[PDB]
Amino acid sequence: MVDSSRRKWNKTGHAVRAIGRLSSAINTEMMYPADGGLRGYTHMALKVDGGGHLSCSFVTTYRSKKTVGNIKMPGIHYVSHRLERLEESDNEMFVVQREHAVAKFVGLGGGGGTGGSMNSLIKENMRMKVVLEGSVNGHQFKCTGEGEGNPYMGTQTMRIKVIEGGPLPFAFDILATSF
């Protein structure tokens, strides 16, 4: 048990830090229930030529399409990820990427500390197919891809083709986490 008086100094130290300026970049993904829905807060760092980074952050709300049935909701937790590009063709019209991701326990939250319920529809290997479309700075495009992985081990690989609007006049990396 942390001593009472020290907890006070620590929290006073935190309040001083919280109002101070000068923020680092951080690389983190925190999940937090909101609603019946699951929210994620993610800070990532995109490597740039010459060795700097462009810092980016995003907020995501995940919503279940199961409208009947009790889903056990998690509390606050983190996820560690490593997403690496394995191959690309020329001008990034073809991309192969893989990701390894693991959720991390940081205390009893929301749904107890008992897991929901194993879902017999998600097997040890699963394939995926993807369509992604849109625009960046007004440039329209469409990609499709396919892949596979091991959902219980957190590993997956995706092969993606830019089927319209290629070559993209922007870096494919900004789409990497969107499929």
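Residues carry their position along the shown sequence, with the first being 1.
When 109 to 117 is weighed against 32 to 40, 109 to 117 comes out higher, by mean CA B-factor as recorded in the entry. Of the two segments examined, 163 to 171 and 15 to 23, it is 15 to 23 that shows the higher average Cα temperature factor in the deposited entry.
Of the candidates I76, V95, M73, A101, it is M73 whose Cα B-factor is highest according to the PDB record. Between the residues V59, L132, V68, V136, the entry's highest C-alpha temperature factor is the one at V68. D90 sits in the highest third of its chain by CA B factor, as recorded in the PDB entry. Among the modelled residues of the chain, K142 sits in the middle third by CA temperature factor in this PDB entry. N150: CA B factor in the middle third of modelled residues in this chain (values from the PDB entry). Annotation for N125: CA B-factor lies in the highest third of the chain's modelled residues.
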